[PDB]
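A lone chain, given as structure tokens: the form deposited without ligand SS2.
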């Protein structure tokens, strides 16, 4: 298929669930991939499960670690050549209302979900601009970038922030002829091993008052829209939100 011929992608939080599915489809479409995660044990296994080191490698990194971003770009370029594609996918959740959010929980979530995406987007523009790469930055949001959830206060703040920051970056890149696109992807509920580990979670998410399709998605649902956005097929798409949510936000 070779829809990502010659592309070199960094995928943060690429060792599990949505990130791992994006990495898998990226390799299948001819991209070279560097996945990140916090745990070397999980990360090296994940890279090997997808392909050989000529196709995909692992780099241990917390996306909240500003200095580590420089080392991640350097390692990816050393392995595969200049980075063309960044998927800011690393994220954490706090299951608290705004009212019940402790300040430490607030700061920890924003460090990964907002500062991390800022650090990646900023360095991505700096390193990928003006190189004829057809560069693409895909900032992972969720439906929680569009609608509130009473028990995801900090999460909602982080997703709203990434949603509009990404538009700012898309515009600056476009106006400066940088050859860098910036778009957001907004998954609804997605079935992962982590969802499977919480009894009744998928059933609650599958109720029609949540997901009109009456079931939740799979990681490949998000992988396929990321292939489109990483590919030159989407060369006129910038500053846009792409929602894949089983109808969640349509009602």
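Residue numbers count along the first chain shown, from 1.
Omitted here: the form deposited with ligand SS2 bound. The next part is about that form.
Partner contact region in the deposited bound form: 89-97, out of 89-97, 121-129, 75-83, 163-171, criterion any non-hydrogen atom within 4.5 Å of ligand SS2. Although the partner is absent from this view, residue 154 stays clear of ligand SS2 in the deposited bound form, with no non-hydrogen atom inside 4.5 angstroms. Remark: residue 205 counts among the residues lining ligand SS2 in the deposited bound form, judged by a heavy atom distance of 4.5 Å or less. Residues are counted as partner-facing when one of their heavy atoms sits within 4.5 Å of ligand SS2 in the deposited bound form; in 130-145 only 144 qualifies.
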